[PDB]
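This document starts with one chain, in the form deposited in one PDB entry, laid out as structure tokens.
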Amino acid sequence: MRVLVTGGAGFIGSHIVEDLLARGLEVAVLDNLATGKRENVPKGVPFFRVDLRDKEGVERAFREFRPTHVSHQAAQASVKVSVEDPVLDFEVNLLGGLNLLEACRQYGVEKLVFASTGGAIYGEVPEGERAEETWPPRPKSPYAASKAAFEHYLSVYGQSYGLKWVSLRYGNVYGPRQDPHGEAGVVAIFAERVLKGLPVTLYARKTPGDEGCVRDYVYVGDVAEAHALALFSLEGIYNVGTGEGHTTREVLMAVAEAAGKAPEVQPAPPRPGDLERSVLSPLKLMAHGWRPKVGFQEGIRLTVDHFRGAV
């Protein structure tokens, strides 16, 4: 078993790499360092600094590492950026994604584990409900469209070429090592700024000044666990979430509590591309024994502690 992790120098990817390493598996990382850092990839790990949009570079990486499994975490991970620059989101997630797929069938890769977005692919999730995998994709932003589109390709690549796959629809992932630049990266932005007495911006879900949007927050540690489970024995679509929603205001207050400092809030109108509410049902995955071993309050404390000592 040889696992190639694209975007392995990123937030979630780095946690996947360390997890795989702890399981004694052979791992490699492919990353163009657009948002990730080389420091995130441990010394005893082959690193391929190539862009997925560069066909020649992807082919050389596969040729040198000969992966049996591919964990695809590389992507333009930002709803806002996708709304402002749809072509850039398309090029990396679709175009870059297709290059990866072509390399997989060409090198006979066994399985591909994909990082999809459970938080945005389902569209608005009504009050009191939780999105299930049987729900149809109803993207609102180009980012969600590129992810839904890629799921379709791996589905036809499975049917047409026998490629085994799994699509992990993550909720809002947070935890140590994430950068303060993302829609879900609100936990990192809040933790880093609040600890430093810096004013934070709270985007409304409807009116500047309200509680903000609701999301399903999952600790990155539990996501890495779901990923290992998927890699070894799952096939198909699986939500990776907690099943409980939190408003952005609750996130800030939780972070403020752990940080030990009063927050400075600047209200802002809702930003384009954002859904008002997203909560996922984790039932299908929990049937395989998986469970978020880290609760929200505990997760925030672990993230704040990371930033409090992070340099």
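The first residue of the shown sequence is 1; numbering continues from there. What we label the rigid core is the largest C-alpha set whose atoms superpose within 1.5 Å from one form to the other.
As recorded in the PDB entry, 262-270 is the stretch of 239-247 and 262-270 with the greater mean C-alpha temperature factor. For the pair 206-214 and 99-107, the mean Cα B-factor is higher in 99-107. Remark: of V255, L283, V279, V58, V58 shows the highest value [criterion: C-alpha B-factor in the PDB entry].
Ranking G185, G118, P142, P136 by Cα temperature factor from the entry places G185 first. Ranked by Cα temperature factor within the chain, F11 sits in the lowest third according to the deposited record. When the modelled residues of the chain are ordered by their C-alpha B factor, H181 lands in the highest third. For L234, the recorded CA B-factor ranks within the lowest third of the chain. Only modelled residues enter the ranking. In the deposited entry, the Cα temperature factor of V5 places it in the lowest third of its chain's modelled residues. The deposited CA B-factor of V45 belongs to the highest third of values across its chain.
The protein also exists as the form deposited in another entry; that form is not presented, and the subsequent description refers to it.
No residue in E110, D210, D85, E91 other than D210 shows a CA shift of 2 angstroms or more between the shown form and the other one after fitting the rigid core. After superposing the rigid core, the Cα of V265 is displaced by 2 Å or more between the shown form and the other one. Once the rigid core is used as the reference frame, the Cα position of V200 differs between the shown form and the other one by 2 Å or more. Residue displacement note: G221 has its CA displaced by under 2 Å between the shown form and the other one (rigid core superposed). Pairwise change in that other deposited form: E183 and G171 C-alpha atoms lie closer than in the shown form, at least 3 Å. In that other deposited form, the CA atoms of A268 and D89 move apart by 3 angstroms or more relative to this form.
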